[PDB]
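Trainee: I have a structure here, written as structure tokens, and I will follow up with some questions on it.
Cβ: placed from backbone, ideal geometry, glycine included. Neighbour counts: every protein chain shown. Every number here is computed from the coordinates shown, using simple stated rules; none is lab data.
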Amino acid sequence: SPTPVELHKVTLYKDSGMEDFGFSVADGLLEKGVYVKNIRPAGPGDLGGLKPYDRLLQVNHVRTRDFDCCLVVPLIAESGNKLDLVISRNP
């Protein structure tokens, strides 16, 4: 809990013209990967359940755990009208 993240399935919905799904991510340079840096309060991300630090593990079945921001950013906006992914955050 104090650190050991916890996997949590999340799903969202994008809009024809949005630049993101409702939350920006950051490249985890402390090891490898990317985690949500900020989510729109009361938005798709908040409605889905994305909690700060939610390190996107698998995006739409694609294991983007060892991916980078440049790969997670597009993968997020490339999911289409919906973003189904499995993230990990410390409770």
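Trainee: How many nm is it between the label spots at residue 81 and residue 24, if each spot is 7 Å from the Cα in line with the beta carbon?
Mentor: 2.9
Trainee: Just in the range 2-86: which GluC sites (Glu not before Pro) are loop by DSSP and have at most 13 other Cβ atoms within 10 Å?
Mentor: Values: sites: 6, 19, 31, 78; in loops: 19, 31, 78.
When the GluC sites (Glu not before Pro) of the range 2-86 are filtered for loop state and at most 13 Cβ neighbours within 10 Å, 19, 31, 78 remain.
Trainee: Counting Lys and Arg as +1 and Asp and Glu as -1, each charge on the Cβ, what is the dipole of the chain about the Cα centre in debye, to the nearest 20? List each step's numbers first, then the result.
Mentor: Values: 11 positive and 12 negative charges, 46 e Å.
About 220 debye.
Trainee: Kirkwood Rh, the chain, all Cα pairs: how many Å? It would help to have the intermediate numbers written out before the result.
Mentor: Details: mean 1/r = 0.0788 Å⁻¹.
Radius from the Kirkwood sum: 12.7 Å.
Trainee: Kindly provide the helix-only [θ] at 222 nm of the chain, computed as the sum of -39,500 (n - 2.57) over DSSP H runs of four or more divided by all residues, to the nearest 500 deg cm²/dmol?
Mentor: On the way: 2 runs with 14 residues, N = 91.
Rounded to the nearest 500, it is -4000 deg cm²/dmol.
Trainee: A follow-up question, please. For residue 23, what residues show an amide H to amide H distance below 5 Å, using hydrogens built from the backbone and excluding near sequence neighbours?
Mentor: When sequence neighbours closer than 5 places are left aside, the close amide H contacts are 40.
Trainee: Would you order 34, 62, 73 from fewest to most other beta-carbon atoms within 10 Å of each residue's own beta-carbon? Spell out each step's value before the answer.
Mentor: Working: 34 24, 62 13, 73 17.
Lowest count first: 62, 73, 34.
Trainee: Given the Cα-Cα distance of residue 15 and residue 63 and 0.36 nm per residue of separation, how much length would full extension add, in nm?
Mentor: Details: separation 48, 0.36 × 48 = 17.28 nm, distance 2.41 nm.
The span from residue 15 to residue 63 would gain 14.9 nm if fully extended.
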